[PDB]
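Enquirer: this block holds the first chain(s) of the complex, placed as they are in the complex; more will follow:
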Amino acid sequence: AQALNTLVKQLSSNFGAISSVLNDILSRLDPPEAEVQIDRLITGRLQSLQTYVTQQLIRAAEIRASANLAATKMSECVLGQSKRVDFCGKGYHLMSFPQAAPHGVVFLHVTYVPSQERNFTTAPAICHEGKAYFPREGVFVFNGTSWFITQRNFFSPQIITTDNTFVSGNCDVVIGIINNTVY
């Protein structure tokens, strides 16, 4: 809008010519004299006109930044699930609902947010009968009662069995090997 009110308000400028209405330049001045004062009004009205094009032309490429964002952030986020860092909301994105906006779009990203944390004491390795044992996925979790396995988003116990234990290598080499009983 304020690009156009730049443009409309430059009609009423005199541009250093005799007047800002052509039926007041042609009226008073005689046609040898008037047509040189019309030329400074035409050139004044063209150089604000071509500048309006260039200000529209740069602000057009400001949107192709944001239109190739929204072409991706719809065709990677609604049409899939985004596995990126704070792309599509903050947290772990699950769905996305795009809406339609005047001269733009509206997204509705739904994220997964972890909560309600609690410490424990950890361990990277178990010494079970001469070997060092390693986690397949998770860490060695000791809540004061027993040693078990959980995942890094939800606290839920897993019995340390050689199903879900990365069995490799000898004991007493790795930093932090804790004498437990793997079942």
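Expert: Good, I have the coordinates. Residues are numbered from 1 along each chain as shown, chains lettered A, B, ... in the order given.

Enquirer: would you agree residue A:55 is in contact with residue A:3?
Expert: Yes: taking contact to mean CB atoms under 8 Å, the distance of 6.1 Å between residue A:55 and residue A:3 places them in contact. To be clear about C-beta, it is placed using only N, CA and C from the backbone, and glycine gets the same treatment.

Enquirer: of those two, who's got more company?
Expert: Just comparing residue A:55 and residue A:3: by other CB atoms under 10 Å the higher neighbour count belongs to residue A:55, 13 against 10.

Enquirer: in which helix or strand would I find that one?
Expert: Residue A:55 is part of helix A:31-75, with elements assigned from DSSP states H and E.

Enquirer: kindly report the same for residue A:94.
Expert: The secondary structure element spanning residue A:94 is strand A:92-96 (assigned by DSSP H and E).

Enquirer: sheet partners, orientation included, of that strand?
Expert: When sheet partners are counted by DSSP bridges, strand A:92-96 sits next to strand A:109-112 (antiparallel).

Enquirer: quick one: strands adjacent to the helix or strand following the strand it pairs with?
Expert: Toward the C-terminal end, the helix or strand that comes next after strand A:109-112 (DSSP H and E) is strand A:121-123. When pairing is defined by DSSP bridges, strand A:121-123 lines up against strand A:139-142 (antiparallel).

Enquirer: which of the residues in the partner strand are buried?
Expert: Of the residues in strand A:139-142, those buried under the neighbour-count criterion (16 or more other CB atoms under 10 Å) are A:140, A:141.

Enquirer: tell me how far that strand lies from the chain's centre.
Expert: Using CA atoms, centre = their mean, to the nearest Å, the mean C-alpha position of strand A:139-142 is found 35 Å from that of the whole chain.

Enquirer: now tell me what touches that strand from outside.
Expert: Applying CB atoms under 8 Å, 6 or more residues apart in numbering, the external contacts of strand A:139-142 come out as A:120-126, A:147-150, A:152, A:155, A:157, A:160, A:178, A:180.

Enquirer: chain B should join the structure above:
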Amino acid sequence: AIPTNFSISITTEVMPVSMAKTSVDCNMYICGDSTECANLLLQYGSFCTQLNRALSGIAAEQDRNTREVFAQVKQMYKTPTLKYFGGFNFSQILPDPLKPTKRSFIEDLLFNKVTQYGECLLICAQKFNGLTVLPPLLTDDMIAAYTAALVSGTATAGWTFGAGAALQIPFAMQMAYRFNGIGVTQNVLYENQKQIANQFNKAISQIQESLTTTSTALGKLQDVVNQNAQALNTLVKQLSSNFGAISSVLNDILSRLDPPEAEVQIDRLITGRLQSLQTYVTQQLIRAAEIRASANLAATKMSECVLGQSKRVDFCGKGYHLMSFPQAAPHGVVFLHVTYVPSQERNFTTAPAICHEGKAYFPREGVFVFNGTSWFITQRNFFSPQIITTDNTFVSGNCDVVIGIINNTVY
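Expert: With chain B now in place:
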């Protein structure tokens, strides 16, 4: 060809995210403090209304680019006391509190290889030219504070800091999960945790001596300063253009010549300088659209590369990235790259499946590598002889649907 022995080194990535915001008063650029210029100026129209809407619209966007890159952090985490994390020497990267700098050892050398218009730096002085360079929103101490809370907090919380609340984790537990990203086992970290840490301690020592000795690795940040210098001086030297007048001096044309000789040549030098002012305003407006690009390569390589770990090839580190280190710098960001570069491969014989019981046996991961002696399963990022068992391989179809099955037994 599968490796067994890799390297960790550090690669510097350098980006600018902001340039120097300026502003221009017309009545001392255009008129040069003459009265009749301003009388002639108000007859052109209020065009300096719009020419300080533009250089405010850029100057308000150099605040966002400095703020959208660095101020991703919710909580300013303190610098921890011990800076030695299982052999990982974070001394040169977090700032040393003994200095009166609030800067790390890296950042001090960055300022000393990078190192006309009014400014108020305190001594405030004006110029005859109406060119001012206003100072930014975030001073360099605030910039060196978001840097320090991105390496303090990530040394104690890792990817959780970008995931959610900055949950504690040992940093040796941290790097091992960052081997789990690139398909590389926990035993690659823990067994090798001495010389993993001691290449990385000397890889920082390389970047020290590479930046104490020379420069021009910061060529991008130099050129952001150079394009500031030219566009001001071209705006300076076009003051001295005659533009068809008898001189470029509005007060000689005022005082020395006739009043009919004046207004002819006042009206020349304004229309000359006015559209030389608009060319400057336009070329700042284009140059501030490349910064808005290269401050979004930094607001994604500080989202994706610093908080998470990136699954993107040759993006924030050649090879497989592990961790990223932000730094402050004059007008921009200097990244460091913990990269997984495998090395020293040998030749191995592969084959599609096992022929036992007249049935095909399909692996879940990797290949089947012949030792010269034995068949076993490994992955292609380090040599790892895991033996073919009953659950690391599964079954569908008979033999010889694969071309070149092994007469083997699933053990």
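
Enquirer: chain B added, so what about the buried residues of strand A:139-142 now?
Expert: Neighbour-count burial for strand A:139-142, with 16 or more other CB atoms under 10 Å in any protein chain shown as criterion, is recorded at A:139, A:140, A:141.

Enquirer: and stretch A:120-139, is it in reach of chain B?
Expert: Yes: using CB under 8 Å from any CB of the partner chain, stretch A:120-139 comes into contact with chain B via A:122, A:124, A:125, A:134, A:135, A:137, A:139.

Enquirer: between these, which sits nearest chain B?
Expert: Here the nearest of those to chain B, counting by CB to the nearest CB, is residue A:134; it sits at 4.8 Å.

Enquirer: give me the element that closest one is part of.
Expert: Assigning secondary structure by DSSP H and E places residue A:134 in strand A:131-135.

Enquirer: what separates that strand from the chain centre, distance-wise?
Expert: Here strand A:131-135 is found 40 Å from its chain centre; the criterion is CA atoms, centre = their mean.

Enquirer: grab the CA positions of it and hand them over as PDB.
Expert: Extracted as PDB, the C-alpha positions of strand A:131-135 are listed here (Å, rounded to 0.1, in the frame of the first residue of the first chain):
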ATOM      1  CA  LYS A 131      33.300 -59.200  29.100                       C
ATOM      2  CA  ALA A 132      32.200 -55.600  28.800                       C
ATOM      3  CA  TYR A 133      28.600 -55.100  27.600                       C
ATOM      4  CA  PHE A 134      27.100 -52.200  25.700                       C
ATOM      5  CA  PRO A 135      23.700 -50.800  24.900                       C
END
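
Enquirer: measure the residue nearest the centre of chain A to residue A:19 for me?
Expert: With the centre of chain A defined as its mean C-alpha position, the nearest residue by CA atoms, centre = their mean is residue A:87, 4.9 Å away. Residue A:87 is 58 Å from residue A:19, where distance means CB to CB, to the nearest Å.

Enquirer: same check, this time on residue A:67
Expert: In terms of CB to CB, residue A:67 sits 44 Å off from residue A:19.

Enquirer: near chain B, which residues of chain A? Just list them.
Expert: By the rule CB under 8 Å from any CB, the part of chain A lying against chain B is A:2, A:6, A:9-10, A:13-16, A:47, A:51, A:54, A:58, A:61-62, A:65, A:83-87, A:91, A:113-114, A:117, A:119, A:122, A:124-125, A:134-135, A:137, A:139, A:152, A:166, A:168-169, A:173-175.

Enquirer: next one is chain C, place it on the structure:
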Amino acid sequence: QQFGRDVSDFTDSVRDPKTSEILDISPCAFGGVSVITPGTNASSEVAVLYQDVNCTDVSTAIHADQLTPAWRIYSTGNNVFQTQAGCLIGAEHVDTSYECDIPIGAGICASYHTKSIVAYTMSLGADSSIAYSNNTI
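Expert: Chain C added:
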């Protein structure tokens, strides 16, 4: 040598034609004006910022009526504080920190607390610490 010039091409130093005393010529002070308001629904008071200027000359020229523009009903209230952005005149300096609401520059923001318009240094965020505990998650 009669006179001096700067790194630009206007003269800023002169040897005196009468008594040969080597002088400096700095131009007169000038700059932009901002206005910091909290909203007409909020209030009807404002505090103005004068950009890139020394508070010695600005606070002087207000009382001596030397500013173009000049206001009909305005006075400083004796609140002049120098930032690197310029002489913020009309707001109350406060020694605490908060989050930024209306920016000024060089780490200074201003807002509308107990009501009046106040100015302060930014707080970068919540302060915290994380233990580096050798076996804890």
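
Enquirer: now that chain C has been added, could you go back to the contacts of strand A:139-142?
Expert: For strand A:139-142, contacts defined as CB atoms under 8 Å, 6 or more residues apart in numbering or on different chains pick out A:120-126, A:147-150, A:152, A:155, A:157, A:160, A:178, A:180, B:173, C:137.

Enquirer: number of nearby residues for the residue nearest to residue A:44 when sequence neighbours are not counted?
Expert: What sits nearest to residue A:44 in space, not counting adjacent residues and going by CB to CB, 6 or more residues apart in numbering or on different chains, is residue A:15, at 3.0 Å. A count of nearby residues for residue A:15, using other CB atoms under 10 Å in any protein chain shown, gives 19.

Enquirer: what residues does residue A:15 make contact with?
Expert: Under the criterion of CB under 8 Å, 6+ apart, the contact partners of residue A:15 comprise A:40, A:41, A:43, A:44, A:45, B:44, B:45.

Enquirer: if we can go back for a sec, what's the helix holding residue A:55 packed up against?
Expert: Packed against helix A:31-75, as judged by 3 or more CB pairs under 8 Å, 6 or more residues apart in numbering or on different chains; DSSP states H and E, are the following elements: helix A:2-8, helix A:22-28, strand A:104-106, helix B:259-287.

Enquirer: can you list the buried residues in the third one?
Expert: Spelled out, it's strand A:104-106. For strand A:104-106, burial by neighbour count (16+ other CB under 10 Å) applies to no residue.

Enquirer: reformat the contacts of residue A:15 into a markdown table and put distance to residue C:95 next to each item.
Expert: Compiled in a markdown table, the contacts of residue A:15 are given as follows (distance: CB to CB, whole Å):
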| residue | distance to residue C:95 |
| --- | --- |
| A:40 | 59 |
| A:41 | 59 |
| A:43 | 58 |
| A:44 | 54 |
| A:45 | 56 |
| B:44 | 48 |
| B:45 | 47 |
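
Enquirer: any of those buried? List them.
Expert: For those, buried by 16+ other CB under 10 Å: A:40, A:41, A:44, A:45, B:44, B:45.

Enquirer: before we move on, the earlier item: ok, the strand holding residue A:134 near chain C or not?
Expert: No: applying CB under 8 Å from any CB, one finds strand A:131-135 out of contact with chain C, separated by at least 12.4 Å.
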